[PDB]
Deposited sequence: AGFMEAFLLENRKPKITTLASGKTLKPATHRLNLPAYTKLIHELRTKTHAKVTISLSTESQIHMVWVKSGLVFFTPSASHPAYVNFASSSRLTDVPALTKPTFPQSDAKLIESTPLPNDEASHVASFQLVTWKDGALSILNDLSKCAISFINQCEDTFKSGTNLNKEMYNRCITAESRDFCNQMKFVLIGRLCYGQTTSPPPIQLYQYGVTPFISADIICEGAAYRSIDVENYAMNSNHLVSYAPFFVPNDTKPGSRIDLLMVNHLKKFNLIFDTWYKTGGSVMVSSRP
């Protein structure tokens, strides 16, 4: 699929139902999707990725989180904030049962590059499709601006945080991607034709970008000694466009790979 149809999937099982005075509203027919993310998850689950093989046991849920040094696959214990069915992970108890670090050179940069290329392609494809005065297919247009977008926002947030961990100061992500990190959810019509920022934020961002990210350890267990390793650094807070408040990432923007 090309153009905007590369970023649309059929909304087979609606992940959103809206209710109003006894009526259940009709679910959107489609959802926004970043195909490179779907492909990555599939390859990791099936052990068919060309550069990275998850070695953790698949009898427990596996998550992944970006750190400054690469990509961490991890199995949270039931007490970890990332666990899917108590003090936050700290230097004495990480609440991580096991982990696997993949450094940039060993495949994490290849993964990030594939994700980033797709995300930037989406941003550019939105300009070509919605902002260039070009004739548009009516059905495709309405599929786009009514599409479910919650999963897509989470995919783009994951790509953003990888870009920041790898290269916040040297290859900063564009504001069109940063916005996913400081707004939990953006509706598809705003993604396609609007923004979670305005023009002043655009000029500001080139100047502010080195100051928008706070990092903190992604705690994991020491293998031969008690306590936690503290040297793996994840995104902890992202400064919002008002430059006063932050969006907090309790688990560094981690996402689930398999259950």
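- Missing from the model relative to the deposited sequence are positions 86-113, 288-289 (no C-alpha coordinates, numbering from 1).
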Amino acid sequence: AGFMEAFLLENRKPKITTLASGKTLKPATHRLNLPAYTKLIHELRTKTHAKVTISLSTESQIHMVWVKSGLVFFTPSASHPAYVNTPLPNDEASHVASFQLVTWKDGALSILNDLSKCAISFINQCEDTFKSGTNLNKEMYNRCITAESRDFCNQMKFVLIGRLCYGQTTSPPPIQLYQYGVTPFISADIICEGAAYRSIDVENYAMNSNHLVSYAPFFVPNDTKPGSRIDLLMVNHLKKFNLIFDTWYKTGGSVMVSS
From here on, numbers count along this sequence of modelled residues.
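- Mean CA temperature factor is higher for 132-140 when stretches 173-181 and 132-140 are set side by side in the entry.
- Stretches compared: 22-30, 220-228. Higher mean C-alpha B-factor in the entry: 220-228.
- Highest CA B-factor among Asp151, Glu92, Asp114, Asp189, as stated in the entry: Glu92.
- For the set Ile145, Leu109, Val159, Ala78, the PDB entry assigns the largest Cα B-factor to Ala78.
- In the deposited entry, the Cα temperature factor of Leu238 places it in the lowest third of its chain's modelled residues.
- Among the modelled residues of the chain, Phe122 sits in the lowest third by CA temperature factor in this PDB entry.
- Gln155 sits in the lowest third of its chain by CA B factor, as recorded in the PDB entry.
- Among all modelled residues in its chain, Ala206 ranks in the highest third by Cα B-factor.
- When all modelled residues of the chain are sorted by CA temperature factor, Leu71 is found within the lowest third.
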